[PDB]
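> Take this sequence and fold it.
(3 chains)
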Amino acid sequence: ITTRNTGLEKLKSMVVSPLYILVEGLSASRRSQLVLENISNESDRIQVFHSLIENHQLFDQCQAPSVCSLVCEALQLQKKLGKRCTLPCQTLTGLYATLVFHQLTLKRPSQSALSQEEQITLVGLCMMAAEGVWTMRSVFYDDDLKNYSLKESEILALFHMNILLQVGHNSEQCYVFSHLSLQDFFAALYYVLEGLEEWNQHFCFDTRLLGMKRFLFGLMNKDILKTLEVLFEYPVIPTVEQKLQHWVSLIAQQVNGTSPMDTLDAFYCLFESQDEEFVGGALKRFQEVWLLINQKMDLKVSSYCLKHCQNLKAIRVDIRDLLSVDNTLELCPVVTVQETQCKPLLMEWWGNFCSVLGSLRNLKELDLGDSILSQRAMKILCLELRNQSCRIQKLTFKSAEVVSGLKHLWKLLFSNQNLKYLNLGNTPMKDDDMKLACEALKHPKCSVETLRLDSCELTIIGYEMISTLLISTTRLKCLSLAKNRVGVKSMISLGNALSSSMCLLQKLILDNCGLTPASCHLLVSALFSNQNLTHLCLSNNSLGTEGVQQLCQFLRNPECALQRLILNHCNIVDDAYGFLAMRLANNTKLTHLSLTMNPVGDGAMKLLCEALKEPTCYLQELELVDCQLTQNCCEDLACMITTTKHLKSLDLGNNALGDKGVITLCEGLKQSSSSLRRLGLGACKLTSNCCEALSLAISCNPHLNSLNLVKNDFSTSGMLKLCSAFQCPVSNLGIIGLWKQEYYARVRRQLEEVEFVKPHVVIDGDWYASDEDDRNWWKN
Amino acid sequence: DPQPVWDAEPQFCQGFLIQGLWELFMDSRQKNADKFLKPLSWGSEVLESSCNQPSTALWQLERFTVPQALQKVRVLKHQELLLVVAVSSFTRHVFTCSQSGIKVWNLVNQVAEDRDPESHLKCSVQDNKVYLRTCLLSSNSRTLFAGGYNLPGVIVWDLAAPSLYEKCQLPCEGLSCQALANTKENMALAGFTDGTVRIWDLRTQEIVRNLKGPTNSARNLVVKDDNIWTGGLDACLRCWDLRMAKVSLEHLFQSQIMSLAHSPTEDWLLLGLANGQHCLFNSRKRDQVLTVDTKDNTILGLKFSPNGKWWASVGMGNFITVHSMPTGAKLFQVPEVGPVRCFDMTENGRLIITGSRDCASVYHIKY
Amino acid sequence: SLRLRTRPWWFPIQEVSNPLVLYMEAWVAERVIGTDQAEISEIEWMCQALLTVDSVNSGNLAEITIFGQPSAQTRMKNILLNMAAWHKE
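Residues are numbered from 1 along each chain as shown, chains lettered A, B, ... in the order given. Pasting the structure now:
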């Protein structure tokens, strides 16, 4: 069997145990030599030839000897038509169209409008080309020609070159084009032709589609449209252009973000048509681009398309392998294309791409993903980012392996005075690297305020240099040290630095460190004298009772000015709950508190809610997710909710409140004296009985804003009741977290009706993603 | 009152553009916001972003991950009811098992509805009447097993060779392959209706061991290097070690047993009874069995997560339920119109395949 | 110029297009390809990547083409560059 790659989709089914041997045409080196021969070599040979070679689809077409010959002769034509053709020829669509236009002029005695009879023939043959493309038929029987009033002799006479040749060995005859590329080009030509004029009166009636789509995108070139207007004396305005713009805009916007593959495919499609207005109109609403690069053609198309992206602000680009190595020299042809460029082609293209990236003004965030950069790679990236016009203010390397170019990174830090936020993570950091980084940070030119080191290996010497950096005069306001084992002597060294009055640090993060109850006590005692620390985080580190007592003593001291205190997965004793409640009874300037995976009994819950009931409480947010809770404390919870006047956010997690507990909670809520906004219930073992009370409470809760119900069994009727409660005009519930896949058709239709009624209601499974206030400052 | 509504699933951007271009041609010849699902990138990943969590995890405990929701991406069409499915995540080749025919599909191509398989294999051509009930895959993906009721043997296909061919018939004339099993060892295991288990070596194709028991006791079989587990209508539970070649434990139940499961990282044994009770047993201490979950509908299939945290159940009552190991409570729910017979899971933990009616469906996991 | 190469059934038709080509000296390649083609087939199956060798130019340079998913092509080129690094020492 011999057939095309497209035809194997059907054939693989009926044939039993087949064998596949693929047939290939011209070799890459021979094709390169042949193309190099045709190049005019007038000061643009290197760039044009390199643009030609990287295009994979172009070389797939050029693999055909006939297509290669067509490309060669078209290139020869461009030499003679130096001034006649103004457009450049870096694409197959432009070259094929140029040959068609030049051939038509050969038939014409002079440049003139087409006659009426030949226009009908041309539109007819183009429309059978489109019909063959869509119907997947290529025999092109003579019956079809007479159906649309076509004659082969006329077609061959007017075109003046071999199109749709027919050979009949038997009585019947069949018509085949010179190549499938010409047929697809003619179908694309028809796709613009129908709009200009109606020709139905004279007539008497997805890999393959990818070529048609590419040809259609290429045909939107203004020069081709102007040329077609010249041949047909009618201005050309196609209706498919609006559809293409609409498709690109639809790709641009999505709820969960932009898929990189679709973005790169759109970039490829737009780069085919060399029109600045077309791409500019097509792309305006991205605002965020995620890009994956695996070939130099990707770099070129991204550099071409990013110029017209004047709206985006965040970019994420991943290049895993193209710069894993720093130096590598090989030659494809027998004789080098250029005698001595002193630089291989990849580096110049990546330099241009990075210059384009740094040239943008609207862009202020940069992320490198999981890029693996060599030394020269990180050097050239830093050199391009060194541009003064660049206004990028954030850099991220938490997943990038750039340890070789850490010196270049340090050189970049002080040179650019504009950036503020700097993040480093999972980069093994050595002693001389710490010294260079600290020296760079000490430089007055540095304006970086936030610096993070997560899972960055640290030494005792590293700890002492860090302390010396902190005691030194810098502009660092925020700092973090997570997943780093810290020695008690190193901890003592850090504590001494903090107790100094000259230190001005507002946010300090310590997660998964080597803190011990003695170490925690020493740290709190050192922090007692400090007064400039507003945000403090301590998680996953065991804390003793004396540590909590000393922390409460520090809190009682005025000038503390500590707003947010976060503690999770650190064991807290019963007596410590008493100290916390006593602080909460008369507390100011303490808004947010968190306690998660902490053993809290029901009696401790009663003590806490009594402490909250006191009017001298300013605690906006309280989080208690995995604290073991039962149904008894729910009545006191409802009472404190009713009495409390300042609690805004309340969250509960895996604790099993129970059906009666939720009933009591909703009874307390329906009275609606409380002004709380966010309520969270997840895996609380809910039933359908509490849904009636929940709907009743919502029906008279204009204050309630957000709600979550996930991992809870809800029957169908409960879903109808809750949807009806949502639809009521009194309810103002905007953020709702539920999984739509779990429910039946009627519930989905009801939720769609809710979205129709209220345009500002959004239902999404990821409830924690929404942040009305900065809650993940430590998590980042 | 389910009242279920069915919509095209992928709504892929390429399909939308193709549909848009098709309409324009029909309009020309007639005279005579929008939401799209992310495609399966290269058939391996979806390339989505993970969901946020209320709190950070411990430094030591990074690998432990649990799922939240399941989203379907593709539907595989077979005119007959399907019984088993296979994943083969390494080769991206999904196998669908039905009563009459078997088909092989590849996940590289992007399409809403797949009707043309890459390979179609039928056992009914060889013999007059062939009824197929069982199938199995090897971890190395070098062998494919398929057992039948009236089919005299079991046929092995190898995916390493450039072409698919039959290795050995391995006949069991009087015994219908109710149960089919395989191990890391080259050794083959199978159970049949008459309480008989016969055992062959693939390299040499010889019978090495035979086991006998009461009728209907070979409905289920669990394989381990040092543990062979057997139960059926009788509800007797027997654990056998080939080394000292004797039954280790005997257990009795009130009803029949259909579903068994094992956990790789640490042994746990899951039991599914006719009255719908899930019983968990640990194979280290060997003391006692305990039950924590009860379902009204009979449970037919079961599977465990590669990480060792969650297990999903498929039963008669057209429901899919996923639980967790610490308590046995369910964490999310996805129902389907048809009675779900089979289930599957991926070693990578990114995809999942389930089939109830004649056609099969492929879902995607979110973490 | 017609070249016929058998294609393994498992590889998808889509993967064959967009091939990655690496240029290396012929003498090193002679050793690189190995004496046995069965180990070539085995590494092909365990990597799910397709490779073809051919050198007709009079120069010492030789051309290597790899077919498959970008990860497979990356791992092929990594293995080949490691072999070349072993050769130059």
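> who touches whichever residue of chain B sits closest to chain C in this structure?
Using C-beta to the nearest C-beta, the single residue of chain B nearest to chain C is residue B:108, 4.1 Å away. C-beta here means a position set from N, CA and C on the backbone, and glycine is covered the same way. By C-beta atoms under 8 Å, 6 or more residues apart in numbering or on different chains, residue B:108 lies in contact with B:42-43, B:92, C:12, C:14-15.
> and what of residue A:389?
With contact taken as C-beta under 8 Å, 6+ apart, residue A:389 is in contact with A:358-359, A:361.
> Quick one: neighbours of residue A:770, just the number.
Residues lying near residue A:770 (other C-beta atoms under 10 Å in any protein chain shown) number 14.
> hang on, the earlier thing: can you give me the distance of the residue of chain B closest to chain C to chain A?
Here residue B:108 is placed at a distance of 12 Å from chain A (C-beta to the nearest C-beta, to the nearest Å).
> Quick check: residues of chain B near chain C?
Listed as neighbours of chain C in chain B under the rule C-beta under 8 Å from any C-beta of the partner chain: B:42, B:44, B:91, B:93, B:106, B:108-109, B:119, B:159-160, B:162-164.
> coming back round to it: now, of the contacts of residue A:389, which are buried?
Neighbour counting with 16 or more other C-beta atoms under 10 Å in any protein chain shown marks residue A:358 as buried within those.
> For chain B, tell me which of the contacts of residue A:389 show up nearby.
Okay, of the contacts of residue A:389, nothing touches chain B (C-beta under 8 Å from any C-beta).
> which residue packs closest to the residue nearest the centre of chain C, ignoring adjacent ones?
Centroid check for chain C by C-alpha atoms, centre = their mean gives residue C:51 as the closest residue, at 3.4 Å. Nearest residue to residue C:51, sequence neighbours excluded (C-beta to C-beta, 6 or more residues apart in numbering or on different chains): residue C:66, at 5.2 Å.
> in what helix or strand does the one you found lie?
Secondary-structure assignment from DSSP states H and E places residue C:66 in strand C:61-67.
> Just the buried residues of the next helix or strand after that strand, please?
Downstream of strand C:61-67, the first helix or strand assigned by DSSP H and E is helix C:70-88. Using 16+ other C-beta under 10 Å as the test for burial, helix C:70-88 gives C:70-77, C:80.
> Switch those residues over to CSV; also include distance to chain B.
Formatted as CSV, the buried residues of helix C:70-88 follow (distance: C-beta to the nearest C-beta, whole Å):
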residue, distance to chain B
C:70, 8
C:71, 8
C:72, 10
C:73, 12
C:74, 13
C:75, 14
C:76, 16
C:77, 18
C:80, 22
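> so which of those residues are also by chain A?
Within those, those near chain A by C-beta under 8 Å from any C-beta are C:70, C:74, C:77.
> now, which of those residues sits nearest residue C:36?
Nearest to residue C:36 among these is residue C:77, at 21.8 Å by C-beta to C-beta.
> quick one: secondary structure of residue A:721?
Following DSSP: H, G, I helix; E, B strand; the rest coil, the label given to residue A:721 is helix.
> In contact with it, which residues are there?
Listed by C-beta under 8 Å, 6+ apart, the contact set of residue A:721 reads A:691-692, A:695.
> just these now: which is nearest residue A:738?
Residue A:738 has its nearest neighbour among the contacts of residue A:721 in residue A:691, at 12.8 Å by C-beta to C-beta.
> Could you give the separation between the terminal residues of stretch A:419-438?
Start-to-end span of stretch A:419-438 (C-alpha to C-alpha, to the nearest Å) is 17 Å.
> element containing residue B:180?
strand B:177-182.
> ok, now residue A:317?
Residue A:317 belongs to strand A:314-318, assigned by DSSP H and E.
> Residue C:17 against residue A:60, yeah?
Yes. In terms of C-beta atoms under 8 Å, residue C:17 counts as a neighbour of residue A:60; the distance is 6.1 Å.
> Go through stretch B:32-42 and flag the buried ones.
Judged by neighbour count (16+ other C-beta under 10 Å), stretch B:32-42 contains these buried residues: B:36-40, B:42.
> Just give me how far it sits from the chain centre.
Centre-to-centre, stretch B:32-42 and its host chain are 28 Å apart (C-alpha atoms, centre = their mean, to the nearest Å).
> Pull out the buried positions in stretch A:738-746.
Quick answer for stretch A:738-746 (16+ other C-beta under 10 Å): A:738-739, A:741-743, A:746.
> closest to residue A:299 among those residues?
Among the buried residues of stretch A:738-746, residue A:741 lies closest to residue A:299 (C-beta to C-beta), at 39.8 Å.
> The closest one contacts residue B:68, doesn't it?
No. The pair residue A:741 / residue B:68 is not scored as a contact, 10.6 Å apart, by C-beta under 8 Å.
> Write out the residues of chain C neighbouring chain A.
C:1-9, C:13-14, C:16-18, C:21-24, C:54, C:56-59, C:61, C:63, C:65, C:70, C:74, C:77, C:81.
> at 6 Å instead, please
Proximity of chain C to chain A, by C-beta under 6 Å from any C-beta of the partner chain, involves residues C:1, C:3-7, C:13, C:18, C:21, C:23, C:57, C:59, C:70, C:74.
> for chain B, what are the nearby residues on chain A?
Proximity of chain A to chain B (C-beta under 6 Å from any C-beta) is limited to residues A:12-13, A:17, A:194, A:200, A:206, A:243, A:247, A:250-251, A:259, A:262, A:483, A:512, A:540, A:568, A:596, A:625, A:711, A:739, A:741-742, A:744-746, A:765-766, A:768-769.
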